[PDB]
Every structure is written in structure tokens, then in C-alpha cells.
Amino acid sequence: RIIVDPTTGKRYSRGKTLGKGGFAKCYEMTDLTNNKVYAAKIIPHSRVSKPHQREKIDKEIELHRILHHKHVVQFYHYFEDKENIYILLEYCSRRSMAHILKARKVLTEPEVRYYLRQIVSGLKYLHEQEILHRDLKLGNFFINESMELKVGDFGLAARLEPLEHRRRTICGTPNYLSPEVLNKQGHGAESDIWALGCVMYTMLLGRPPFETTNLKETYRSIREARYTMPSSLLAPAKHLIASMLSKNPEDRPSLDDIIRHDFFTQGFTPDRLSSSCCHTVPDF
């Protein structure tokens, strides 16, 4: 099916569906004037009839469209017609880390380093733009044909705010509540670091350190920041976790500290991961 941008003339061809993405039905979409394929979110205006949800996509678009980095999903273009909003994004043929971890249960340490370095690279870029991601999770780490990771889905993302004027209410329903957010202190860069600690734990163990139901009954455990540290973890992995999930956000490492931790520096990390790793545990 041909889709024409009524503002420009520009023609696109819609391919196969890629699945549901919240407000969006997602599809392959080819720009006919370079012949490049994008992963597109197609959102009917009906799904955004309320002013707040209209503001929600507008914000996502506004923030995403200015980002350009190798480990951030590349925003291509957006337009609207009478029926839909179209957001064309970098096509990532190997799905997400959520799909990979579902298949693998647990990843090897060199793989954890491989993926984490790339997450840190993209997050660094974001934090220097003073943009907070606010929903870092495995499902938002998109993987391309060449096994390269891109951080995406900027649907809870916001610009950084000083504590004195900051939003103190929970924004959306993220995968990993910090202590500070649960203490009504709002979400800072350190809250993304939380969230990375939770990610690393999950990559190595296959389950999160705290419940992810976001039920009020879970709040005390998180805000204590007391959890099980399984013995199966190697010492450096344990130590790095342990710092990222510091109770006081001020005690958590910087992004530069994180990639220079013994967990990264004292182990093998290979330059390129094979696609078999979506599948099968790699060779020693």
C-alpha cells in the first residue's frame, strides 16, 4: 500500500506488520525516494483524541527527533495524514534484548559486557543532552542485523529538572522504580543508573532484583534497596551491581565509572557478537 505525505508529496510503501507498540500498530515502511526500509509506528488519531495522550506523542517526537547517536535508535522522519500519525525509526531486524533473554534465560559475562557498554554509550549521549530516558529495560534495547544495540522508546523520556521544580509523581509505569522516585524525589540521571543496575542483574540472573509489579506492596523492599545477591555471580559483577543499586542515588557510580569497573576491565569482551547468541550460548 502506498502512503503519501500530504505536506510534502513524499511517497512510502507499507510492508509487513511488526506488531503492537502501545498506541501504535507497527509496520515495515519504505521511503520510495531512497528505497530504505524503516520500522514505523502507525498511530490512528482515535488513540490520541485526549489532549494528554496527544501531548504524549508530541513530546516523544520532539525529544527523539533531535537525537543522533550510534547507540540510540535513529529517528528518521514523522508525518501525519487524516487517519494516522507515522513515526519512521531505525529498522532493527533482530528485535530486542527482551526477546533474546526470553530465549537464552541468562547471558554469559562477555555478552553482558558487550551489551552494557553499548547501553552506557547511548545513555551517556542522552544524559549529556540532559534527556532522561526513564524506562530503561531489555525490551527497549533494540538489536540490528549486525548485532548492534540501540536504546529506544522515548515515551516516558523527559528533559532533566532541578529538584526544586521537578515532577514528584510517578511518570508512567516504568519497569524499574528507584528508591528516590518512590520517596517522591522525582527521576534524575541516577534513576536511569538504578535501572541499568536492574538490567545487569537481570542479564546475568534472568530475573529482576526487585519485583516489577509496581504494586504498593513492593515499595518498602525497593526503598530499603535490600535484595538477594545470588552466589552464582562472580565477585566483580556482584560489586558493580551493588554500586548501581545503592540506596542513596548520590552513592551510585557515574557512567564513566561504570564502564571502567573491574567487571569490564578484567574480562574478555569481543568486538562483534554473532547472531547465534540470540539463540545459543557462545563458545568459551
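All residue numbers refer to positions in the sequence shown, first residue = 1.
Here 106 to 114 and 79 to 87 are compared by their mean Cα B-factor, and 79 to 87 comes out higher.
The question of which stretch, 261 to 269 or 7 to 15, has the higher mean Cα B factor is settled in favour of 261 to 269. Note on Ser49, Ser254, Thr30, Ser246: the highest value goes to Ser49, judged by CA B factor as recorded. Among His71, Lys124, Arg168, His133, the highest C-alpha B-factor in the deposited entry belongs to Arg168. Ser178: CA B factor lies in the middle third for its chain, per the PDB record. Ranked by C-alpha B-factor against the other modelled residues of its chain, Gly186 falls in the highest third. When the modelled residues of the chain are ordered by their C-alpha B factor, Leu234 lands in the middle third. Split the chain's modelled residues into thirds by C-alpha temperature factor. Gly172 is in the highest one. In the PDB entry, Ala98 places in the lowest third of its chain by CA B-factor.
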